[PDB]
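Each remark here refers to the structure printed beneath this line.
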Amino acid sequence: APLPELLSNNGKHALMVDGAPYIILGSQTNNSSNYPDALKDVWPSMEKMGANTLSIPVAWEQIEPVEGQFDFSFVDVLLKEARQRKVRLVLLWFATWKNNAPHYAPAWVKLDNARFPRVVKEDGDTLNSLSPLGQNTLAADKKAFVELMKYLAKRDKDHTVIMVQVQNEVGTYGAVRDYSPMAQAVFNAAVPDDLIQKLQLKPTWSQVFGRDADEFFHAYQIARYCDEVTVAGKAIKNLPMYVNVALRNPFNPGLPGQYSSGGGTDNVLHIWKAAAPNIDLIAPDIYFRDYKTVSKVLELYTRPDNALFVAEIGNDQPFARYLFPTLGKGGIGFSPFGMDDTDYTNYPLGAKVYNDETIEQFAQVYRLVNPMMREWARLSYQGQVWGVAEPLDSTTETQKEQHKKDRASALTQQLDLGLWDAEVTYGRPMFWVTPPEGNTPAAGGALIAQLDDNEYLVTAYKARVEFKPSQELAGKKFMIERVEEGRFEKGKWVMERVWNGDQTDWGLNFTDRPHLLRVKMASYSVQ
Ligand code: NA
Ligand code: NA
Ligand code: NA
Ligand code: NA
């Protein structure tokens with residue numbers, strides 16, 4: 001079986017699994033589900049959700065509980081149970097950093113500050129955050145990560161595990177960097193030539209970066225640390241490896257230290273890409289509920305040099321519709337956090353209550369992509385795709401003729417598909433033209449892939465999709481030529497029925513149920 005690999009070409013990206021583009025329709029467990037006895041509280045949710053990939057931690061403390069004494073009993077059970085359910089895995093290496101801290105490091109690491117030193121603040125006080133300049137800390141992490149990859153090289157020949165996250169939400173809360181003596185000698189020294197050359201900057205940290213020197217130095221040493229662990233593992237088994245970011249608010253971030261300083265935040269991606277060339281991608285962990293902020297994050301993390309992977313998102317209802325713009329940007333995956341029944345909710349980040357209705361909000365949007373996952377993945381890499389979500393958030397208690405026209409206008413989205421445009425509208429009947437009022441709660445979205453100049457693959461959810469010509473036609477009229485509902489079977493299109501009459505007179509109207517359409521448009525002469 002070919003190794004999984006992240007391909008980047010012509011500003012576009014694909015996660016190759018078993019030799020073809022793949023989309024992670026994921027779920028991540030809660031943080032304490034990384035034990036054989038927890039797995040029975042994970043699989044039922046994964047099945048109800050229709051997820052094709054599970055993200056789950058493997059902690060340094062569990063595989064190396066005493067220095068040099070490795071224990072992979074958890075990984076064995078996990079691999080076997082995942083294979084029985086025919087799902088893939090993303091392993092999350094919880095090690096030097098998990099949410100800025102060494103809590104998942106073994107006791108012999110996290111209780112031995114002199115061997116494995118912490119960030120020191122400017123006032124001499126210590127924070128519970130391991131210094132990225134700790135050379136012993138890097139050697140020890142790297143050694144254990146190598147043993148994990150050696151386990152997968154020997155025990156996972158078919159690559160049940162398709163990708164590994166190196167650390168979890170690196171960085172530091174409460175300070176901008178390490179101000180220890182060890183760190184201060186590096187800060188006061190010259191910025192490395194390799195970084196000065198990659199950013200095309202004149203050649204110390206204070207000298208070249210001014211007001212940003214402290215935050216860029218921490219981002220740099222953390223990125224170098226993560227890059228060395230990653231090379232060490234990839235030398236054993238060259239799987240896709242990525243880092244997940246504790247995001248700063250892209251519109252009003254506040255100061256580094258109030259957000260996790262040093263992580264792959266939107267102001268330091270240029271440092272991260274220069275310092276960590278062996279890390280495949282930098283992934284946003286999204287817990288902003290509001291459409292404008294999430295849209296800004298997807299825009300910031302979708303780059304020619306950065307495949308979009310929504311490595312975590314909140315598991316509350318409003319988050320499910322962000323799958324559509326994720327995929328529309330060419331994203332490789334989407335992974336709601338806390339999808340297990342281990343009696344924990346991360347509300348107010350996620351759902352207040354975890355039940356079947358919490359799962360069902362993601363299951364309903366996964367049901368649109370699962371039936372075409374391989375076809376969609378190839379179209380997003382090789383061609384043109386689009387995706388949108390309902391752009392107004394649910395009406396707040398605070399907020400509850402003119403405001404109705406304003407909302408109808410905001411709930412109307414235009415997409416340029418070449419010779420044709422689509423107009424996507426939310427929260428209206430399946431007949432006539434009464435203007436959009438939005439879904440309660442906000443939930444709708446749409447996917448479109450171009451098959452040919454006049455032919456699109458369309459699936460949507462609680463929305464109307466209407467096509468029209470992109471450019472003024474000259475003495476010509478236009479019509480839908482044919483709408484077919486169907487499915488892909490062994491890579492071939494199988495028609496179930498033709499949508500026509502009422503089903504195409506008022507756009508293409510979608511409810512909560514899955515329907516995959518092929519839409520062929522035509523301009524025709526009336527001369
Ligand atoms: Na893609
Ligand atoms: Na056009
Ligand atoms: Na146009
Ligand atoms: Na169908």
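Going through the structure tokens in order, the chains are called A, B, and so on, while each chain numbers its residues from 1 and the ligands are numbered from 1 in the order shown.
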Please give me, as a PyMOL selection string, the residues lying within 7 Å of ligand 4 when counting only C-alpha atoms and all ligand atoms. chain A and resi 485-487+496+514-516
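Contacts with ligand 1 are defined as any residue atom within 8 Å of a ligand atom, using only C-alpha atoms and all ligand atoms; the residues meeting this criterion are residues 12, 13, 14, 15, 21, 307, 308, 327, 329, 330, 331, 332, 377, 378, 379, 380 and 381 of chain A.
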Quick one: distance from atom CA of residue A:131 to atom CA of residue A:60 in Å, one decimal?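 These atoms are spaced 17.0 Å apart.
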Dump as CSV the rows for residues of chain A within 8 Å of ligand 3: closest atom pair and distance in Å with one decimal, only C-alpha atoms and all ligand atoms counted, ordered by chain and rising residue number.
residue,atom,partner,partner_atom_place_in_ligand_line,distance
A:416,CA,ligand 3,1 (Na),6.2
A:418,CA,ligand 3,1 (Na),6.9
A:419,CA,ligand 3,1 (Na),7.0
A:420,CA,ligand 3,1 (Na),7.4
A:421,CA,ligand 3,1 (Na),7.0
A:469,CA,ligand 3,1 (Na),7.5
A:470,CA,ligand 3,1 (Na),3.7
A:471,CA,ligand 3,1 (Na),4.7
Which residues are near residue A:194? Cut-off 9 Å, only C-alpha atoms, ignore same chain within fewer than 3 positions. Put them as an MDAnalysis selection string. chainID A and resid 191 197:199 274:275
Considering only C-alpha atoms, return as a ChimeraX atom specification whatever protein or nucleic-acid residues lie within 8 Å of stretch 166-175 of chain A, sequence-local ones (same chain, fewer than 6 positions apart) excluded. /A:92-101,121,127,129,218-219,222,226,229-230,241-246,256-263
Interatomic distance (Å, one decimal) between atom CA of residue A:397 and atom CA of residue A:443: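 It comes out at 17.9 Å.
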Identify, on the basis of only C-alpha atoms, every residue whose closest approach to residue A:315 does not exceed 10 Å; exclude the query and any residue fewer than 5 positions from it along the same chain; express the result as a PyMOL selection string. chain A and resi 27-28+287+320+335-339+345-347+349-352+354+358-359+361-362
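For the choices A:468, A:296, A:103, A:83, the atom-to-atom distance to ligand 2 is smallest for A:468 when using only C-alpha atoms and all ligand atoms.
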Contacts of residue A:141 within 12 Å, only C-alpha atoms, excl. fewer than 2 positions in-chain, as a PyMOL selection string: chain A and resi 59-61+63-64+67-68+93-97+102+104-106+109-110+116+130+132+134-139+143-148+166-167+225-226+228-230+232-233
Within 10 Å of residue A:499 using only C-alpha atoms, minus same-chain residues under 3 positions, as an MDAnalysis selection string: chainID A and resid 482:485 496 502:505 508 517:519
Tell me, which residues of stretch 177-419 of chain A carry DSSP helix (DSSP H, G or I), written as a VMD selection string? chain A and resid 181 to 188 193 to 198 205 to 234 269 to 275 291 to 301 317 to 328 356 to 382 402 to 410
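Distances here use only C-alpha atoms and all ligand atoms; by that measure, the residue among A:465, A:276, A:415, A:164 closest to ligand 2 is A:415.
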Given only C-alpha atoms as the counted atoms, nearest of A:266, A:393, A:285, A:125 to residue A:303: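 Answer, going by the shortest atom-to-atom distance: A:266.
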One decimal, in Å: what's the spacing between atom CA of residue A:215 and atom CA of residue A:264? 11.0 Å
So which one's closest to ligand 2, A:55, A:434, A:409, A:414? Using only C-alpha atoms and all ligand atoms, please. A:414
I need the strand (DSSP E) residues of stretch 364-464 of chain A per DSSP on the backbone, written as an MDAnalysis selection string. chainID A and resid 385:389 412:416 420:425 445:452 455:461 463:464
Keeping only N, CA, C and O atoms, take the residues you just selected and write them out as a compact mmCIF listing (two decimals), in the first residue's frame.
# COMPACT_ATOMS: atom_id res chain seq x y z
N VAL A 385 -13.76 23.75 -7.28
CA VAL A 385 -14.86 23.48 -6.32
C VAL A 385 -15.18 24.78 -5.60
O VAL A 385 -14.35 25.69 -5.55
N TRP A 386 -16.36 24.81 -5.01
CA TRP A 386 -16.87 25.93 -4.24
C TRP A 386 -17.69 25.39 -3.11
O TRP A 386 -18.23 24.29 -3.29
N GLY A 387 -17.79 26.18 -2.07
CA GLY A 387 -18.59 25.80 -0.91
C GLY A 387 -18.94 27.01 -0.10
O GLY A 387 -18.09 27.88 0.08
N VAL A 388 -20.16 27.08 0.37
CA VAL A 388 -20.62 28.21 1.18
C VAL A 388 -21.46 27.67 2.34
O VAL A 388 -22.07 26.55 2.19
N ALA A 389 -21.47 28.46 3.39
CA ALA A 389 -22.34 28.28 4.60
C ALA A 389 -23.29 29.45 4.76
O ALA A 389 -22.98 30.61 4.34
N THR A 412 -28.18 35.79 0.69
CA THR A 412 -28.12 35.56 -0.76
C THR A 412 -26.63 35.59 -1.14
O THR A 412 -25.98 36.68 -0.95
N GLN A 413 -26.06 34.51 -1.64
CA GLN A 413 -24.61 34.46 -1.94
C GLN A 413 -24.43 34.20 -3.44
O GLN A 413 -25.16 33.44 -4.00
N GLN A 414 -23.45 34.85 -4.06
CA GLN A 414 -23.21 34.66 -5.51
C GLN A 414 -21.93 33.86 -5.68
O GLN A 414 -20.97 34.17 -4.97
N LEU A 415 -21.91 32.89 -6.59
CA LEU A 415 -20.65 32.18 -6.94
C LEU A 415 -20.41 32.26 -8.45
O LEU A 415 -21.32 31.94 -9.20
N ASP A 416 -19.18 32.61 -8.84
CA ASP A 416 -18.78 32.67 -10.26
C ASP A 416 -18.23 31.31 -10.70
O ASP A 416 -17.08 30.93 -10.25
N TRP A 420 -21.30 30.16 -16.00
CA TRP A 420 -22.54 30.13 -15.17
C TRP A 420 -22.18 30.65 -13.79
O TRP A 420 -21.02 30.49 -13.40
N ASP A 421 -23.12 31.29 -13.14
CA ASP A 421 -23.09 31.68 -11.72
C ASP A 421 -24.15 30.86 -10.98
O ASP A 421 -25.14 30.44 -11.61
N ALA A 422 -23.90 30.59 -9.71
CA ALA A 422 -24.98 30.12 -8.82
C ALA A 422 -25.30 31.21 -7.82
O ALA A 422 -24.39 31.89 -7.34
N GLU A 423 -26.56 31.24 -7.41
CA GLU A 423 -27.01 32.10 -6.33
C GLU A 423 -27.55 31.18 -5.24
O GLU A 423 -28.46 30.44 -5.54
N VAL A 424 -26.98 31.23 -4.06
CA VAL A 424 -27.40 30.34 -2.93
C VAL A 424 -28.14 31.20 -1.93
O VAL A 424 -27.66 32.26 -1.56
N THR A 425 -29.34 30.77 -1.54
CA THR A 425 -30.23 31.51 -0.60
C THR A 425 -30.69 30.50 0.50
O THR A 425 -30.76 29.29 0.21
N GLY A 445 -25.98 25.23 3.80
CA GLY A 445 -24.73 25.32 3.03
C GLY A 445 -24.88 24.68 1.67
O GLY A 445 -25.93 24.06 1.42
N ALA A 446 -23.83 24.73 0.85
CA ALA A 446 -23.86 24.19 -0.52
C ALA A 446 -22.44 23.85 -0.98
O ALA A 446 -21.49 24.55 -0.54
N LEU A 447 -22.32 22.76 -1.71
CA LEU A 447 -21.09 22.35 -2.40
C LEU A 447 -21.36 22.32 -3.89
O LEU A 447 -22.36 21.74 -4.32
N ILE A 448 -20.37 22.79 -4.67
CA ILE A 448 -20.49 22.70 -6.14
C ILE A 448 -19.12 22.34 -6.69
O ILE A 448 -18.11 22.98 -6.20
N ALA A 449 -19.05 21.36 -7.57
CA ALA A 449 -17.82 21.04 -8.31
C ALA A 449 -18.06 21.13 -9.80
O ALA A 449 -19.12 20.73 -10.26
N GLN A 450 -17.08 21.67 -10.53
CA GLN A 450 -17.33 21.79 -12.00
C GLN A 450 -16.87 20.52 -12.68
O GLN A 450 -15.75 20.13 -12.43
N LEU A 451 -17.74 19.89 -13.46
CA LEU A 451 -17.45 18.64 -14.19
C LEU A 451 -17.00 19.01 -15.59
O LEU A 451 -16.18 18.32 -16.09
N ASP A 452 -17.59 20.06 -16.16
CA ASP A 452 -17.26 20.50 -17.54
C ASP A 452 -17.72 21.95 -17.68
O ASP A 452 -18.25 22.52 -16.72
N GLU A 455 -21.44 21.92 -16.82
CA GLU A 455 -21.99 20.80 -16.03
C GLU A 455 -21.34 20.81 -14.65
O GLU A 455 -20.13 20.93 -14.56
N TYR A 456 -22.16 20.80 -13.61
CA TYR A 456 -21.72 20.90 -12.20
C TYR A 456 -22.25 19.71 -11.39
O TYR A 456 -23.31 19.25 -11.65
N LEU A 457 -21.47 19.32 -10.39
CA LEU A 457 -21.92 18.41 -9.31
C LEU A 457 -22.37 19.31 -8.16
O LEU A 457 -21.66 20.22 -7.76
N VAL A 458 -23.61 19.13 -7.69
CA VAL A 458 -24.25 20.00 -6.67
C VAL A 458 -24.88 19.15 -5.57
O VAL A 458 -25.62 18.23 -5.89
N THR A 459 -24.55 19.53 -4.35
CA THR A 459 -25.29 19.03 -3.17
C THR A 459 -25.42 20.19 -2.20
O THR A 459 -24.43 20.96 -2.02
N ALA A 460 -26.57 20.32 -1.55
CA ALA A 460 -26.73 21.43 -0.62
C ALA A 460 -27.60 21.01 0.56
O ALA A 460 -28.16 19.81 0.56
N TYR A 461 -27.80 21.90 1.47
CA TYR A 461 -28.46 21.55 2.77
C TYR A 461 -29.20 22.80 3.24
O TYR A 461 -28.58 23.81 3.50
N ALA A 463 -31.17 24.92 1.82
CA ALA A 463 -30.80 26.02 0.89
C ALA A 463 -31.45 25.82 -0.45
O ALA A 463 -31.75 24.71 -0.86
N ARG A 464 -31.52 26.95 -1.19
CA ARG A 464 -31.86 26.91 -2.61
C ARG A 464 -30.62 27.33 -3.41
O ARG A 464 -29.90 28.25 -2.94
